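What follows is a single chain, given as structure tokens, in the form deposited in one PDB entry.
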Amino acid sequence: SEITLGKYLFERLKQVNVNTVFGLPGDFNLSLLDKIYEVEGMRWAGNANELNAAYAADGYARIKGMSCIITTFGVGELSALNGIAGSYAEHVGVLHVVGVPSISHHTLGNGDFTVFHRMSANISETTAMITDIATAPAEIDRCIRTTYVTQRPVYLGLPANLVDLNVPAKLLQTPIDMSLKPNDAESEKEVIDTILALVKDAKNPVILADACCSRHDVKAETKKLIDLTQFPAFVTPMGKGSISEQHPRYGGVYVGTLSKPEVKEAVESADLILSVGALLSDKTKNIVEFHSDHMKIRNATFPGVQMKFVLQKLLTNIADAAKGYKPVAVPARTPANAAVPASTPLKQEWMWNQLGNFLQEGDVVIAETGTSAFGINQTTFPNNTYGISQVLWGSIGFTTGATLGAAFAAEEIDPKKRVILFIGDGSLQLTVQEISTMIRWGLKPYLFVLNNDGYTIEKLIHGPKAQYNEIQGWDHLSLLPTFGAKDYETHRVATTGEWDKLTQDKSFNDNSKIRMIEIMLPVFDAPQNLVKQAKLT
């Protein structure tokens, strides 16, 4: 019994729970594409562009675990590189499948069929050009396993002839191994023992969860490590959402010198740091760095000890190792907004603080690079909030495509999960078309547009009234109907009373339809942290 290699692929993605496929049709992938519709439960999004399709595959991967985008040779694959590069930089598992010319137009005119391939290799964890149907199955399995486990994009070139070539159906009965290989027994024990020893003598331990605590599936574990030790817990901007914020031991968002003094104080105060961190983007010497494929304890490095299994194993013992810890007070949460007359103009500072009152458990919150990304660090999330902020890549326009991906993924996990976006008016312009795809599928994201007339974050760094920091003023509330939305809602908010009246409304709170909210704000208005950050940069 046999199946086409083109259907093998889609069957493998169904087994890994990639049910939606991103990308655009083109000359070299039509026969692949046809196979999606033969796989019950699969769907082709129909993106408005390849860049947008990649931003989307990122959004989807962030939520569901992995994603797949399919493009066509030359023209499709090159348009998507900015998305791909960003998933590499932030450790998002995206499988980029490119439909290429059959073994032997949309070329550079020099007979070089490997150039686009070479370009991609610089931003892929691994790459594969399928040449033989004999190894082909094993190559797809490999690419899929690797995208999953390293959480990095992988490139797979598939010649048009092969797609319709047959393979043994039987191969689908054995699942792809999607799990981490166990740790070296001995090094793993030494790490565990050393950490336990350190916890025993620390008087003021602190936990700090960054990017990779989320990106590398360790949130249930970090979460329980806090309950078992009662140590103060801080998150960085990229890790925001990694830790439940209504946890009585959550201390806030640590952003170094830019940290609200007590946070700065409580963190720099520690005699022990358990960093379920990330990069060396930049107290004591007593730091434990937890990393996806290695540990570091003070100056000691332990290559290939995976944090997943050390964390799991520490949970069985840590409590008795910390039986002796006297709980230090955690910095108080920022107080609620003092009541004001309904006619008070909306200001960012008041907004970000007030937003914690509309959010709910299970929401997915996306903030674009600009004032939005700075502001969101000032909002307190209900527990179980998934935040998306591209702090490291910082490619504006990313959130519209990502919102599409997260809504698709969220629709699949639970139809009640709300997807909320905060996007600058300047950023929207780069990827606005993707809204069209939201409409087509009946997804219902909350799209909040920050109308402040131009590039505020840029104006705050350089050239406040410079022509290049200014944009063409669009009629945003007409966007929905222009893209053929039938059932949607549009709102404009400019004061605190409009903010409250709208966000406390019962009906508004249910994701029953797609909605756009235009936020009227002053030009030089920004959250305290951007006011204080960028000022210096």
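Heads up: residue numbers just count along the shown sequence, starting at 1. The term rigid core refers to the maximal set of C-alpha atoms that superpose within 1.5 Å between the two forms.
The next section is about a form of this same protein that is not shown, the form deposited in another entry.
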query: Of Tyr148, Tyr455, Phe448, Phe302, the one whose Cα moves 2 Å or more between this form and the one not shown after core superposition; finding: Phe302
query: Rigid core fit then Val167 CA moved by 2 Å or more between this form and the one not shown; finding: no
query: Core-aligned CA displacement of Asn110 at least 2 Å between this form and the one not shown; finding: no
query: Shift of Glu186 between this form and the one not shown at or above 2 Å (CA, core fit); finding: yes
